[PDB]
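> Here you go, final-v3.txt (compact mmCIF, N, CA and C atoms and all ligand atoms):
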```
# COMPACT_ATOMS: atom_id res chain seq x y z
N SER P 1 110.06 111.70 81.18
CA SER P 1 108.66 111.27 81.57
C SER P 1 108.65 109.78 81.90
N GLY P 2 107.59 109.30 82.52
CA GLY P 2 107.41 107.88 82.81
C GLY P 2 106.67 107.64 84.09
N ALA P 3 106.06 106.48 84.22
CA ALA P 3 105.25 106.11 85.38
C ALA P 3 105.46 104.66 85.74
N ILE P 4 105.04 104.31 86.93
CA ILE P 4 104.91 102.90 87.38
C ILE P 4 103.41 102.62 87.36
N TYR P 5 102.99 101.52 86.73
CA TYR P 5 101.55 101.10 86.69
C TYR P 5 101.43 99.82 87.49
N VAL P 6 100.99 99.90 88.73
CA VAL P 6 100.85 98.76 89.65
C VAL P 6 99.41 98.72 90.17
N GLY P 7 98.73 97.58 90.04
CA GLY P 7 97.31 97.53 90.44
C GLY P 7 96.50 98.61 89.72
N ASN P 8 95.67 99.34 90.48
CA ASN P 8 94.89 100.50 89.94
C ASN P 8 95.56 101.80 90.35
N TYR P 9 96.89 101.82 90.37
CA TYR P 9 97.68 103.02 90.72
C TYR P 9 98.63 103.39 89.59
N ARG P 10 98.86 104.69 89.42
CA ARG P 10 99.86 105.30 88.53
C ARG P 10 100.80 106.14 89.40
N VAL P 11 102.08 105.77 89.46
CA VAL P 11 103.12 106.45 90.29
C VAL P 11 103.96 107.30 89.38
N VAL P 12 103.92 108.63 89.57
CA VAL P 12 104.68 109.62 88.76
C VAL P 12 105.53 110.51 89.65
N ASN P 13 106.44 111.24 89.01
CA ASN P 13 107.12 112.34 89.70
C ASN P 13 106.07 113.41 90.01
N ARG P 14 106.05 113.89 91.25
CA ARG P 14 105.03 114.92 91.61
C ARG P 14 105.16 116.11 90.67
N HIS P 15 106.39 116.47 90.27
CA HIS P 15 106.59 117.69 89.46
C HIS P 15 106.12 117.51 88.03
N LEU P 16 105.83 116.29 87.57
CA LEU P 16 105.33 115.97 86.21
C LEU P 16 103.86 115.56 86.22
N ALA P 17 103.19 115.55 87.40
CA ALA P 17 101.78 115.11 87.51
C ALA P 17 100.87 116.01 86.64
N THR P 18 99.91 115.41 85.94
CA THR P 18 98.98 116.14 85.05
C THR P 18 97.77 116.60 85.87
N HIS P 19 96.89 117.41 85.25
CA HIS P 19 95.61 117.75 85.88
C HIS P 19 94.81 116.48 86.20
N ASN P 20 94.76 115.52 85.29
CA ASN P 20 94.00 114.29 85.55
C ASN P 20 94.59 113.56 86.77
N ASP P 21 95.93 113.55 86.90
CA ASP P 21 96.52 112.95 88.15
C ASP P 21 95.95 113.63 89.43
N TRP P 22 96.04 114.96 89.48
CA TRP P 22 95.60 115.75 90.66
C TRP P 22 94.07 115.57 90.86
N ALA P 23 93.29 115.33 89.81
CA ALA P 23 91.82 115.19 89.95
C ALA P 23 91.46 113.77 90.38
N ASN P 24 92.41 112.83 90.27
CA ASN P 24 92.21 111.42 90.67
C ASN P 24 93.28 111.06 91.69
N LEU P 25 93.54 111.90 92.67
CA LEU P 25 94.71 111.79 93.55
C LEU P 25 94.50 110.73 94.61
N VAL P 26 95.53 109.91 94.86
CA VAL P 26 95.53 108.94 95.98
C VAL P 26 96.42 109.46 97.12
N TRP P 27 97.63 109.93 96.80
CA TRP P 27 98.66 110.32 97.78
C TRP P 27 99.73 111.16 97.10
N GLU P 28 100.28 112.15 97.76
CA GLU P 28 101.38 112.94 97.20
C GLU P 28 102.29 113.39 98.32
N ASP P 29 103.57 113.51 98.02
CA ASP P 29 104.59 113.92 99.02
C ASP P 29 105.67 114.72 98.29
N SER P 30 105.68 116.03 98.52
CA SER P 30 106.60 116.99 97.86
C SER P 30 108.05 116.65 98.24
N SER P 31 108.29 116.33 99.50
CA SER P 31 109.66 116.00 99.99
C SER P 31 110.23 114.76 99.28
N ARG P 32 109.39 113.85 98.77
CA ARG P 32 109.84 112.63 98.03
C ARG P 32 109.75 112.80 96.51
N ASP P 33 109.17 113.88 96.02
CA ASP P 33 108.85 114.10 94.60
C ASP P 33 107.97 112.97 94.05
N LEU P 34 106.99 112.51 94.82
CA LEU P 34 106.11 111.40 94.39
C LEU P 34 104.64 111.84 94.40
N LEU P 35 103.87 111.33 93.45
CA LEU P 35 102.41 111.45 93.44
C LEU P 35 101.85 110.16 92.87
N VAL P 36 100.76 109.70 93.46
CA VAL P 36 100.05 108.50 93.01
C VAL P 36 98.61 108.87 92.68
N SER P 37 98.12 108.44 91.55
CA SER P 37 96.72 108.66 91.08
C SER P 37 96.07 107.31 90.80
N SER P 38 94.75 107.28 90.74
CA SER P 38 93.98 106.04 90.47
C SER P 38 93.82 105.84 88.96
N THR P 39 93.77 104.58 88.54
CA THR P 39 93.60 104.22 87.12
C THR P 39 92.33 103.36 86.95
N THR P 40 91.76 103.40 85.75
CA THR P 40 90.62 102.50 85.42
C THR P 40 91.15 101.10 85.07
N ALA P 41 92.22 101.00 84.28
CA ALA P 41 92.84 99.69 83.94
C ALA P 41 93.86 99.21 84.99
N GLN P 42 94.01 97.90 85.16
CA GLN P 42 95.07 97.34 86.06
C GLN P 42 96.42 97.35 85.33
N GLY P 43 97.48 97.71 86.05
CA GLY P 43 98.83 97.75 85.46
C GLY P 43 99.61 96.45 85.62
N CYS P 44 100.76 96.40 84.96
CA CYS P 44 101.60 95.17 84.84
C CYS P 44 102.90 95.20 85.65
N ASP P 45 103.30 96.36 86.16
CA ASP P 45 104.49 96.46 87.03
C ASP P 45 104.27 95.79 88.39
N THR P 46 105.30 95.17 88.92
CA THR P 46 105.36 94.59 90.29
C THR P 46 106.37 95.39 91.12
N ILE P 47 106.10 95.68 92.38
CA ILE P 47 107.03 96.44 93.24
C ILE P 47 107.96 95.47 93.96
N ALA P 48 109.24 95.77 93.97
CA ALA P 48 110.27 95.07 94.75
C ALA P 48 110.07 95.33 96.25
N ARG P 49 110.25 94.28 97.06
CA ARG P 49 110.23 94.39 98.52
C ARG P 49 111.53 93.81 99.08
N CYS P 50 112.53 94.66 99.31
CA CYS P 50 113.99 94.27 99.44
C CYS P 50 114.86 95.44 99.84
N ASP P 51 116.18 95.15 100.12
CA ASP P 51 117.21 96.19 100.32
C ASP P 51 118.33 96.03 99.26
N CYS P 52 118.00 95.60 98.04
CA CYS P 52 118.95 95.64 96.88
C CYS P 52 119.60 97.01 96.78
N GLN P 53 120.88 96.99 96.40
CA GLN P 53 121.68 98.17 96.06
C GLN P 53 122.29 97.96 94.68
N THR P 54 121.84 96.99 93.92
CA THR P 54 122.20 96.86 92.48
C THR P 54 120.93 96.68 91.64
N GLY P 55 120.92 97.27 90.46
CA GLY P 55 119.77 97.11 89.57
C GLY P 55 120.05 97.79 88.25
N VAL P 56 119.00 98.08 87.50
CA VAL P 56 119.12 98.62 86.12
C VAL P 56 118.11 99.75 85.99
N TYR P 57 118.51 100.88 85.39
CA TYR P 57 117.54 101.98 85.17
C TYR P 57 117.46 102.37 83.70
N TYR P 58 116.32 102.92 83.32
CA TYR P 58 116.11 103.46 81.96
C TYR P 58 116.45 104.95 81.91
N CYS P 59 117.31 105.28 80.94
CA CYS P 59 117.80 106.64 80.64
C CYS P 59 117.25 107.11 79.29
N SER P 60 116.18 107.89 79.24
CA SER P 60 115.53 108.31 77.96
C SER P 60 116.49 109.16 77.10
N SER P 61 117.39 109.90 77.70
CA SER P 61 118.33 110.80 76.98
C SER P 61 119.47 109.98 76.35
N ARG P 62 119.49 108.66 76.52
CA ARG P 62 120.42 107.75 75.83
C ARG P 62 119.69 106.59 75.15
N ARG P 63 118.38 106.48 75.25
CA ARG P 63 117.60 105.25 74.91
C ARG P 63 118.36 103.99 75.36
N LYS P 64 118.71 103.94 76.61
CA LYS P 64 119.55 102.82 77.09
C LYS P 64 119.14 102.51 78.52
N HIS P 65 119.20 101.24 78.84
CA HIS P 65 119.11 100.74 80.24
C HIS P 65 120.53 100.49 80.74
N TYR P 66 120.88 101.04 81.89
CA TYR P 66 122.22 100.95 82.49
C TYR P 66 122.15 100.16 83.79
N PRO P 67 123.10 99.23 84.01
CA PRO P 67 123.24 98.61 85.31
C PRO P 67 123.98 99.56 86.24
N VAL P 68 123.46 99.65 87.46
CA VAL P 68 124.02 100.59 88.49
C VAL P 68 124.05 99.94 89.87
N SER P 69 124.99 100.46 90.70
CA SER P 69 124.97 100.34 92.17
C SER P 69 124.40 101.63 92.73
N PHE P 70 123.54 101.56 93.74
CA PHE P 70 122.85 102.75 94.28
C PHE P 70 122.84 102.67 95.80
N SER P 71 122.78 103.84 96.37
CA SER P 71 122.77 104.01 97.85
C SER P 71 121.41 103.61 98.43
N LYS P 72 121.36 103.32 99.72
CA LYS P 72 120.08 103.09 100.42
C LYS P 72 119.29 104.39 100.50
N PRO P 73 117.94 104.34 100.53
CA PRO P 73 117.15 105.55 100.58
C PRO P 73 117.53 106.44 101.80
N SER P 74 117.71 107.71 101.53
CA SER P 74 118.31 108.70 102.47
C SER P 74 117.69 110.07 102.28
N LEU P 75 118.02 110.96 103.22
CA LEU P 75 117.75 112.39 103.11
C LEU P 75 118.99 113.05 102.51
N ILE P 76 118.86 113.63 101.34
CA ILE P 76 119.97 114.13 100.50
C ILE P 76 119.66 115.57 100.09
N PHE P 77 120.59 116.48 100.34
CA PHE P 77 120.47 117.88 99.89
C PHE P 77 120.59 117.90 98.37
N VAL P 78 119.51 118.35 97.73
CA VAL P 78 119.40 118.43 96.25
C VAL P 78 119.38 119.91 95.87
N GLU P 79 120.25 120.30 94.94
CA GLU P 79 120.39 121.72 94.51
C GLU P 79 119.10 122.15 93.81
N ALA P 80 118.82 123.45 93.82
CA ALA P 80 117.62 124.04 93.19
C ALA P 80 117.57 123.64 91.71
N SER P 81 116.37 123.39 91.17
CA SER P 81 116.09 123.13 89.73
C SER P 81 114.92 124.00 89.26
N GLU P 82 114.36 123.72 88.08
CA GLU P 82 113.15 124.41 87.56
C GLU P 82 111.95 124.08 88.47
N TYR P 83 111.96 122.94 89.16
CA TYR P 83 110.76 122.39 89.84
C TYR P 83 110.82 122.54 91.36
N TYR P 84 112.00 122.56 91.98
CA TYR P 84 112.17 122.65 93.46
C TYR P 84 113.32 123.59 93.80
N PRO P 85 113.22 124.33 94.93
CA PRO P 85 114.37 125.07 95.47
C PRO P 85 115.34 124.07 96.11
N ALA P 86 116.55 124.53 96.46
CA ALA P 86 117.58 123.72 97.14
C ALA P 86 116.96 123.25 98.45
N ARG P 87 116.96 121.95 98.71
CA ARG P 87 116.16 121.35 99.80
C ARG P 87 116.68 119.95 100.07
N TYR P 88 116.33 119.40 101.23
CA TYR P 88 116.47 117.96 101.52
C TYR P 88 115.32 117.27 100.80
N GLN P 89 115.68 116.31 99.95
CA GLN P 89 114.70 115.36 99.36
C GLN P 89 114.83 114.08 100.15
N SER P 90 113.72 113.51 100.60
CA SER P 90 113.73 112.29 101.39
C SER P 90 113.51 111.01 100.54
N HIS P 91 113.87 109.86 101.09
CA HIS P 91 113.74 108.54 100.44
C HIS P 91 114.43 108.54 99.06
N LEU P 92 115.56 109.19 98.93
CA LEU P 92 116.31 109.34 97.65
C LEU P 92 117.54 108.43 97.66
N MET P 93 117.79 107.76 96.53
CA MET P 93 118.94 106.85 96.34
C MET P 93 119.80 107.41 95.21
N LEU P 94 121.13 107.39 95.37
CA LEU P 94 122.01 107.97 94.35
C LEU P 94 122.85 106.87 93.67
N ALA P 95 123.12 107.06 92.39
CA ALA P 95 124.02 106.19 91.59
C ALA P 95 124.79 107.09 90.64
N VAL P 96 125.86 106.52 90.10
CA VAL P 96 126.65 107.19 89.06
C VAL P 96 126.02 106.83 87.72
N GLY P 97 125.54 107.85 87.02
CA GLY P 97 124.87 107.61 85.74
C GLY P 97 124.43 108.90 85.11
N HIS P 98 124.27 108.88 83.79
CA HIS P 98 123.83 110.06 83.02
C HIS P 98 122.35 110.31 83.28
N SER P 99 121.97 111.55 83.54
CA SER P 99 120.55 111.96 83.59
C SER P 99 120.39 113.43 83.19
N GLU P 100 119.22 113.74 82.62
CA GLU P 100 118.72 115.10 82.23
C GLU P 100 117.26 115.22 82.68
N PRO P 101 116.68 116.44 82.76
CA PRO P 101 115.34 116.60 83.36
C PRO P 101 114.25 115.67 82.82
N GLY P 102 114.19 115.47 81.51
CA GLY P 102 113.19 114.60 80.84
C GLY P 102 113.43 113.11 81.07
N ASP P 103 114.54 112.70 81.66
CA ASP P 103 114.73 111.30 82.09
C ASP P 103 113.85 111.00 83.30
N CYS P 104 113.36 112.02 83.99
CA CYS P 104 112.51 111.78 85.19
C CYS P 104 111.42 110.79 84.81
N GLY P 105 111.16 109.82 85.70
CA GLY P 105 110.12 108.83 85.46
C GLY P 105 110.62 107.49 84.95
N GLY P 106 111.86 107.47 84.47
CA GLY P 106 112.50 106.20 84.12
C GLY P 106 112.53 105.22 85.28
N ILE P 107 112.25 103.97 85.06
CA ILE P 107 112.21 102.98 86.17
C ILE P 107 113.61 102.45 86.52
N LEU P 108 113.88 102.34 87.80
CA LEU P 108 114.97 101.53 88.36
C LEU P 108 114.35 100.23 88.84
N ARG P 109 114.93 99.11 88.45
CA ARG P 109 114.43 97.76 88.85
C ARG P 109 115.58 96.88 89.27
N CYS P 110 115.25 95.94 90.17
CA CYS P 110 116.19 94.90 90.68
C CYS P 110 115.59 93.55 90.33
N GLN P 111 116.29 92.50 90.81
CA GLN P 111 115.79 91.12 90.63
C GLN P 111 114.34 90.93 91.13
N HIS P 112 113.88 91.71 92.10
CA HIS P 112 112.56 91.51 92.77
C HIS P 112 111.45 92.29 92.05
N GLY P 113 111.78 93.30 91.23
CA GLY P 113 110.77 94.13 90.57
C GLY P 113 111.18 95.60 90.52
N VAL P 114 110.17 96.48 90.49
CA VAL P 114 110.40 97.96 90.41
C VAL P 114 110.87 98.50 91.75
N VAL P 115 111.93 99.29 91.79
CA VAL P 115 112.53 99.88 92.99
C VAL P 115 112.13 101.33 93.14
N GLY P 116 112.15 102.09 92.05
CA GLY P 116 111.83 103.52 92.10
C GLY P 116 111.88 104.15 90.73
N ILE P 117 111.84 105.47 90.67
CA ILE P 117 111.86 106.23 89.39
C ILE P 117 112.88 107.34 89.48
N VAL P 118 113.47 107.66 88.35
CA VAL P 118 114.42 108.79 88.27
C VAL P 118 113.71 110.06 88.75
N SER P 119 114.38 110.84 89.59
CA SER P 119 113.84 112.12 90.13
C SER P 119 114.82 113.28 89.94
N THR P 120 116.14 113.06 89.96
CA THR P 120 117.07 114.22 89.85
C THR P 120 118.45 113.70 89.46
N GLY P 121 119.39 114.61 89.18
CA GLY P 121 120.75 114.19 88.80
C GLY P 121 121.64 115.36 88.43
N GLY P 122 122.58 115.13 87.52
CA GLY P 122 123.61 116.11 87.10
C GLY P 122 124.99 115.61 87.46
N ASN P 123 125.99 116.01 86.68
CA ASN P 123 127.43 115.78 86.97
C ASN P 123 127.73 114.29 87.15
N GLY P 124 127.06 113.45 86.36
CA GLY P 124 127.23 111.98 86.36
C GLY P 124 126.60 111.31 87.57
N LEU P 125 125.67 111.99 88.27
CA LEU P 125 124.86 111.47 89.42
C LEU P 125 123.38 111.44 89.07
N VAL P 126 122.73 110.31 89.32
CA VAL P 126 121.27 110.16 89.13
C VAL P 126 120.66 109.76 90.47
N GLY P 127 119.58 110.45 90.83
CA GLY P 127 118.82 110.17 92.04
C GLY P 127 117.49 109.53 91.70
N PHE P 128 117.16 108.50 92.45
CA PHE P 128 115.88 107.77 92.27
C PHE P 128 115.03 107.95 93.52
N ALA P 129 113.73 108.22 93.32
CA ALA P 129 112.74 108.21 94.41
C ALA P 129 112.37 106.76 94.71
N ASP P 130 112.63 106.23 95.90
CA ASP P 130 112.30 104.85 96.28
C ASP P 130 110.78 104.70 96.42
N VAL P 131 110.24 103.53 96.08
CA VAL P 131 108.81 103.21 96.35
C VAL P 131 108.70 101.91 97.12
N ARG P 132 109.82 101.27 97.50
CA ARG P 132 109.74 99.92 98.11
C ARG P 132 109.09 99.93 99.50
N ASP P 133 109.08 101.05 100.20
CA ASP P 133 108.41 101.12 101.53
C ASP P 133 106.90 101.33 101.37
N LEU P 134 106.37 101.62 100.20
CA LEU P 134 104.94 101.96 99.98
C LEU P 134 104.19 100.64 99.81
N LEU P 135 103.93 99.93 100.92
CA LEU P 135 103.39 98.55 100.86
C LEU P 135 101.95 98.54 100.35
N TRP P 136 101.24 99.66 100.56
CA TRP P 136 99.84 99.80 100.10
C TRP P 136 99.69 99.79 98.60
N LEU P 137 100.78 100.04 97.83
CA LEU P 137 100.67 99.95 96.36
C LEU P 137 100.21 98.55 95.93
N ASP P 138 100.43 97.54 96.79
CA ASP P 138 100.11 96.11 96.45
C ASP P 138 98.67 95.70 96.81
N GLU P 139 97.82 96.60 97.29
CA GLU P 139 96.42 96.23 97.69
C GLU P 139 95.40 97.31 97.26
N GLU P 140 94.10 96.98 97.35
CA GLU P 140 92.94 97.92 97.33
C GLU P 140 93.22 99.05 96.33
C1 LIG V 1 116.89 113.81 86.18
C2 LIG V 1 117.35 115.23 86.34
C3 LIG V 1 116.57 116.16 87.01
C4 LIG V 1 116.97 117.48 87.15
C5 LIG V 1 116.01 118.47 87.77
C6 LIG V 1 118.20 117.87 86.62
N1 LIG V 1 118.66 119.21 86.81
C7 LIG V 1 118.99 119.88 87.97
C8 LIG V 1 118.94 119.33 89.29
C9 LIG V 1 119.65 120.23 90.04
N2 LIG V 1 120.07 121.21 89.20
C10 LIG V 1 120.91 122.38 89.51
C11 LIG V 1 120.67 123.70 88.70
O1 LIG V 1 121.86 123.48 87.90
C12 LIG V 1 122.32 122.45 88.81
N3 LIG V 1 119.66 121.00 87.91
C13 LIG V 1 119.01 116.96 85.92
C14 LIG V 1 120.29 117.39 85.26
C15 LIG V 1 118.57 115.65 85.81
ZN ZN V 2 115.66 93.68 95.09
```
As structure tokens, what does this structure read like?


Amino acid sequence: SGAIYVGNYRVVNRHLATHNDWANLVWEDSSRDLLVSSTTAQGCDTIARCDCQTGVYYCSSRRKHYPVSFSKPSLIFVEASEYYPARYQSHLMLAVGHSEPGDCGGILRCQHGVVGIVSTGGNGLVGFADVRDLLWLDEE
């Protein structure tokens, strides 16, 4: 589990979104595994605006933050899980790292701020949903 709290937005994995998220919906994209909902309180996270390929992510199944190198956001064939059939997931970045389903939502961050959230993995591979192209997270 986990979210990004930026401005009056809450950024979650679409497959973990609650009823309250869907009732306060701003934007959702199944192909990216992303959903954004509105919040009453302002959040403290800042979004990175960059092409970093190094950063640190939170792994809940180890209670540890790991430094990683990660690929640029891409269209990547992701094998079927409990939440999605085998499909191309878009805006996905891959790194070598431990992940399990409940790690979803862990933040990846670089020197500039938040880069994305854990979305998928297995076999020592972790995939992150990028948010750095979502420039509207920084306004209104
Ligand atoms: C963060 C994270 C998210 C998901 C959904 C998984 N499990 C998945 C993904 C693809 N598979 C196929 C079915 O057996 C291989 N299982 C994992 C391990 C980590
Ligand atoms: Zn950066």

> From a DSSP calculation on the backbone, collect every residue of stretch 22-118 of chain P in strand (DSSP E or B) and output the set as a ChimeraX atom specification.

/P:25-29,34-38,47,54-59,64-69,74-78,87-96,107-110,113-118

> Fewer than 2 positions away in the same chain doesn't count, so skip those; otherwise give me all residues within 9 Å of stretch 119-127 of chain P, counting only C-alpha atoms, as number ranges by chain.

P: 13, 32-34, 70, 78, 81, 92-101, 103-106, 117, 129

> With N, CA and C atoms retained, could you export that selection as a tab-separated table (two decimals), in the frame of the given file?


```tsv
chain	number	residue	atom	x	y	z
P	13	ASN	N	106.44	111.24	89.01
P	13	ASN	CA	107.12	112.34	89.70
P	13	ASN	C	106.07	113.41	90.01
P	32	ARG	N	109.39	113.85	98.77
P	32	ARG	CA	109.84	112.63	98.03
P	32	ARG	C	109.75	112.80	96.51
P	33	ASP	N	109.17	113.88	96.02
P	33	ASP	CA	108.85	114.10	94.60
P	33	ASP	C	107.97	112.97	94.05
P	34	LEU	N	106.99	112.51	94.82
P	34	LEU	CA	106.11	111.40	94.39
P	34	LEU	C	104.64	111.84	94.40
P	70	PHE	N	123.54	101.56	93.74
P	70	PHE	CA	122.85	102.75	94.28
P	70	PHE	C	122.84	102.67	95.80
P	78	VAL	N	119.51	118.35	97.73
P	78	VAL	CA	119.40	118.43	96.25
P	78	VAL	C	119.38	119.91	95.87
P	81	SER	N	116.37	123.39	91.17
P	81	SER	CA	116.09	123.13	89.73
P	81	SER	C	114.92	124.00	89.26
P	92	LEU	N	115.56	109.19	98.93
P	92	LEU	CA	116.31	109.34	97.65
P	92	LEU	C	117.54	108.43	97.66
P	93	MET	N	117.79	107.76	96.53
P	93	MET	CA	118.94	106.85	96.34
P	93	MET	C	119.80	107.41	95.21
P	94	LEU	N	121.13	107.39	95.37
P	94	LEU	CA	122.01	107.97	94.35
P	94	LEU	C	122.85	106.87	93.67
P	95	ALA	N	123.12	107.06	92.39
P	95	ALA	CA	124.02	106.19	91.59
P	95	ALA	C	124.79	107.09	90.64
P	96	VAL	N	125.86	106.52	90.10
P	96	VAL	CA	126.65	107.19	89.06
P	96	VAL	C	126.02	106.83	87.72
P	97	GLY	N	125.54	107.85	87.02
P	97	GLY	CA	124.87	107.61	85.74
P	97	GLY	C	124.43	108.90	85.11
P	98	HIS	N	124.27	108.88	83.79
P	98	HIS	CA	123.83	110.06	83.02
P	98	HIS	C	122.35	110.31	83.28
P	99	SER	N	121.97	111.55	83.54
P	99	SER	CA	120.55	111.96	83.59
P	99	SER	C	120.39	113.43	83.19
P	100	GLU	N	119.22	113.74	82.62
P	100	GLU	CA	118.72	115.10	82.23
P	100	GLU	C	117.26	115.22	82.68
P	101	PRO	N	116.68	116.44	82.76
P	101	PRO	CA	115.34	116.60	83.36
P	101	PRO	C	114.25	115.67	82.82
P	103	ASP	N	114.54	112.70	81.66
P	103	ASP	CA	114.73	111.30	82.09
P	103	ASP	C	113.85	111.00	83.30
P	104	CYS	N	113.36	112.02	83.99
P	104	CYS	CA	112.51	111.78	85.19
P	104	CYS	C	111.42	110.79	84.81
P	105	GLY	N	111.16	109.82	85.70
P	105	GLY	CA	110.12	108.83	85.46
P	105	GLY	C	110.62	107.49	84.95
P	106	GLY	N	111.86	107.47	84.47
P	106	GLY	CA	112.50	106.20	84.12
P	106	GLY	C	112.53	105.22	85.28
P	117	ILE	N	111.84	105.47	90.67
P	117	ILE	CA	111.86	106.23	89.39
P	117	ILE	C	112.88	107.34	89.48
P	129	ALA	N	113.73	108.22	93.32
P	129	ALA	CA	112.74	108.21	94.41
P	129	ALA	C	112.37	106.76	94.71
```

> Find the residues of chain P that sit at most 7 Å from ligand ZN 2 (chain V); for each, write down the nearest two atoms and how far apart they are in Å, to one decimal. Count all atoms listed in the file. Sort by chain, then by number going up, and give it as a tab-separated table.


```
residue	atom	partner	partner_atom	distance
P:48	CA	V:ZN2	ZN	5.6
P:49	C	V:ZN2	ZN	5.7
P:50	CA	V:ZN2	ZN	4.7
P:51	N	V:ZN2	ZN	5.3
P:52	N	V:ZN2	ZN	4.2
P:53	N	V:ZN2	ZN	6.3
P:54	C	V:ZN2	ZN	7.0
P:109	C	V:ZN2	ZN	6.6
P:110	CA	V:ZN2	ZN	4.6
P:111	N	V:ZN2	ZN	4.5
P:112	N	V:ZN2	ZN	4.0
P:113	N	V:ZN2	ZN	5.5
```

> Suppose you want the space between atom CA of residue P:76 and atom CA of residue P:88; what is it in Å?

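Rounded to one decimal, the two atoms are 5.3 Å apart.
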
> Centre and edge lengths of an axis-aligned box around all listed atoms of stretch 102-119 of chain P, with 8 Å added on each side, are to be given in Å to one decimal, as lines of an AutoDock Vina configuration file.


```
center_x = 113.2
center_y = 103.2
center_z = 87.0
size_x = 22.2
size_y = 40.5
size_z = 28.3
```

> Nearest to residue P:6 among P:107, P:118, P:59, P:137, with distances taken over all atoms listed in the file: which residue is it?

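Of P:107, P:118, P:59, P:137, the one nearest residue P:6, counting all atoms listed in the file, is P:137.
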
> Record the distance separating atom C of residue P:43 and atom N of residue P:114, expressed in Å with one decimal.

11.6 Å

> List the neighbours of residue P:26 out to 5 Å using only N, CA and C atoms; skip same-chain residues closer than 3 positions along the sequence, and give me the result as a PyMOL selection string.

chain P and resi 36-38
